[PDB]
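**Q** Right, I'll just put the structure down here and ask away after.
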Amino acid sequence: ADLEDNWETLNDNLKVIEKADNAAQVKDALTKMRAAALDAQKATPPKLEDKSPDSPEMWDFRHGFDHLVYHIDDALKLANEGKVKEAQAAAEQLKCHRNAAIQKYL
Ligand SMILES: [Fe+3]
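When we follow the deposited numbering, the leftmost residue of the sequence shown carries the number 1, and every step to the right adds one.
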C-alpha cells in the first residue's frame with residue numbers, strides 16, 4: 001500500500017494501543033504496525049524512485065523503517081510478557097520513530 005496509507009495504519013493502531021486494557025489487544029495492534037512498517041519500507045517515494053538501492057538517500061529511507069521495526073519488536077516483547085502498561089509506554093515512544101521514518105517523505 002501507499003506510504004500515506006501505512007502512516008494512517010500506524011496512527012490507527014497507536015490509538016488502539018493507547019486505549020487498550022490488556023496485552024493481547026496491544027500485541028494485535030503492534031503486530032499490524034510491524035506489517036505496515038515493512039510495507040511502508042517498500043513504498044519508495046516518487047522523488048526517490050530512480051535512486052540506486054546503494055544510494056545514501058535509499059539507505060536513509062530504508063533504515064528509518066528498520067529502526068521503527070526494531071522498537072516495535074521491543075514493544076512486542078513487553079506485550080507478550082503481559083506488561084500492558086510498559087508496552088503502552090514503549091508504544092508512545094514509537095511516535096518519534098514513526099515521525100523520523102515517514103514525515104519528511106510525505
Ligand atoms: Fe533505537
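From the three backbone atoms N, C-alpha and C, an ideal C-beta is built for every residue, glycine too.
1) With hydrogens ignored, establish whether the beta-carbon of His71 is closer than 7 Å to any heavy atom of ligand 1.
2) Measure how close the beta-carbons of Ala101 and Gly64 come, nearest whole angstrom, since I'm counting them as under 8 Å.
3) On the CB-based measure, 16 or more other CB atoms within 10 Å of its CB, does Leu10 come out buried or exposed?
4) Specify whether the region 65-76 and the region 17-36 touch according to this definition: at least 3 beta carbon pairs, one from each stretch, less than 8 Å apart.
5) Going by the beta-carbon positions, is the gap between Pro45 and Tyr105 smaller than 8 Å?
6) Please report how far the alpha carbon of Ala1 lies from the alpha carbon of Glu8, in whole angstroms.
7) Run the CB neighbour count on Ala40, radius 10 Å, all protein chains shown included, and call it buried at 16 or more, exposed below.
**A** The short version:
1) Here residue 71 refers to the residue found at position 71 when the sequence shown is read from its first residue. At a threshold of 7 Å, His71 counts as near ligand 1, since its beta carbon sits closer than that to one of the ligand's heavy atoms.
2) Here residue 101 refers to the residue found at position 101 when the sequence shown is read from its first residue. Here residue 64 refers to the residue found at position 64 when the sequence shown is read from its first residue. Confirmed, about 3 Å.
3) Residue mapping note: residue 10 aligns to position 10 of the sequence shown, counting from 1. Buried, since its Cβ has 16 or more Cβ neighbours within 10 Å.
4) Between the region 65-76 and the region 17-36 there are three or more C-beta pairs closer than 8 Å, enough to call the two in contact.
5) If you number the sequence shown from 1, residue 45 lands on position 45. If you number the sequence shown from 1, residue 105 lands on position 105. Yes.
6) Looking up residue 1 in the sequence shown gives position 1. Looking up residue 8 in the sequence shown gives position 8. Approximately 11 Å between the Cα atoms of the pair.
7) For this step, residue 40 is matched to residue 40 along the sequence shown. The residue in question, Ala40, is buried, as its Cβ has 16 or more Cβ neighbours within 10 Å.
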